[PDB]
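In the form deposited in one PDB entry, a lone chain appears below as structure tokens.
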């Protein structure tokens, strides 16, 4: 069948940014519920099991703008006291509610640390090589959770 709203799709992919390969592997996801970046879902939309294609997903359909207001000054004491805080250092934090919050230190002045809160792929165009491996309809549980499941293990989130 074809990829579309509420299918669980399995893909094999290679993700390349600026001619360099960043990730590759296989995943299943529930289509039509924001589980992938919108532009990759858009390229998958309507495709049949078996297709292999290249998709250039522009920044505005991937991780969005590198927003200048995401670059802010925060105090040194905000970091663990044994952390190496120097220009260019990367940190991987978790934002109040729990989400990823990768960050980059761009400047350090006494107790003042200039931090970039933007996602690392902000403003990057992404190139995928994709194979559509499997398309199936979702179970009621998968529809209820908003995502794909591997097997028959009843659970909650």
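Positions refer to the first chain, counted from 1.
Missing here is the form solved in complex with a partner chain; even so, the following discussion is about that form.
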_Each of 20, 129 and 143 having a non-hydrogen atom within 4.5 Å of the partner chain in the entry with it bound: is that the case here?_
no
*Does any heavy atom of residue 56 come within 4.5 Å of a heavy atom of the partner chain in the entry with it bound?*
no
*Please run the contact check for residue 27 against the partner chain in the entry with it bound: heavy atoms, 4.5 angstroms, yes or no?*
yes
*Give a yes/no on whether residue 80 approaches the partner chain to within 4.5 Å in the entry with it bound, heavy atoms considered.*
yes
_Is it the case that residue 106, even though its partner is missing from this view, gets within 4.5 Å of the partner chain in the entry with it bound, heavy atoms only?_
no
_Pivot point of the rigid parts between this form and the one not shown (hinge, one of 47, 42, 135, 66)_ = 66
*Versus the form shown, are the CA atoms of residue 98 and residue 10 closer or farther apart in the entry with it bound, given a shift of 3 angstroms or more?*
farther
